[PDB]
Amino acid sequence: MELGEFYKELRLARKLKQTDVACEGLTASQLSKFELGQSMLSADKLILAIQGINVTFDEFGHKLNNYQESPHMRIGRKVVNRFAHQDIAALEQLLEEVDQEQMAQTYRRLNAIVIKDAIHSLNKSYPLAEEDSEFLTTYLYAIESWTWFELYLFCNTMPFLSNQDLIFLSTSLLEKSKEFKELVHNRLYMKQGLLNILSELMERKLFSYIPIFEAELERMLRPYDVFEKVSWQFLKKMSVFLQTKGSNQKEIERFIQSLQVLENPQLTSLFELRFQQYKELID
């Protein structure tokens, strides 16, 4: 019930004594009064207590929420997943689900815009509204430090931005994401966003802006990041393709075939699909 009572259960599960957690600034008696619900720890002492039981902040928050992710992350991940599966029916159900969930009016409006944008991306006959596009853009400009929620909004509404806003917000992404850039969820979305920026710039023929975002992707990618590395390799070839009337078509075809070594039929189809789509951009 109380935070101290919640913390105490966690400490006992970690099989730690109060003296194991205690350190400079946080005494066992302070931890005891905290666990008894008779006093609250300061912000600095609270972070010591949580680090003292050796659980990640994601784990601490997960158990605090009864082993559910935060509502805004549950919605955003489901939207991304269902859009990636071209699941119009599930997106339409998410729209009514967002309308029935308890959240700030601003967040209800932003989630509806992303979902409606996704449905329109699958079904171009699904109507949109300019007032919604302006509301989301105004929001991204207003938030000074972009959390996972802003990365989710930006990454999935880029096709809908004017060139002016795409260029400015993509440039601002570099600075505005720095506060939370090291976190596991955020860094994954940053790499995916950078790949989507590269795609958008090519499709819009804004080729001169690509190097700024390739340099950022270069700094972020680790040897583990095989999927993003191969995606970037493919997009470098697509940029040449779109700038030279398809001159490197055979090289791209050979590259996709060589991905058979990965024995990943879904991945091969993904690149084959994008290649066929980009072929429609040249005469």
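So that there is no doubt, residue numbering starts at 1 and follows the sequence shown.
The deposited model assigns a higher average Cα B-factor to 116-124 than to the other stretch when 116-124 and 168-176 are compared.
Comparing 23-31 with 46-54, the stretch with the higher mean C-alpha B-factor in the PDB entry is 23-31. Of the candidates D132, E144, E203, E150, it is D132 whose Cα B-factor is highest according to the PDB record. Taking the PDB entry at face value, the top CA B factor among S39, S258, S70, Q243 belongs to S39.
Looking at the C-alpha B-factors along this chain, the one for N65 belongs to the middle third.
Annotation for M158: CA B-factor lies in the lowest third of the chain's modelled residues.
Looking at the C-alpha B-factors along this chain, the one for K191 belongs to the lowest third. Sorting the modelled residues of the chain by their CA temperature factor places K181 in the highest third. Among all modelled residues in its chain, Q86 ranks in the middle third by Cα B-factor.
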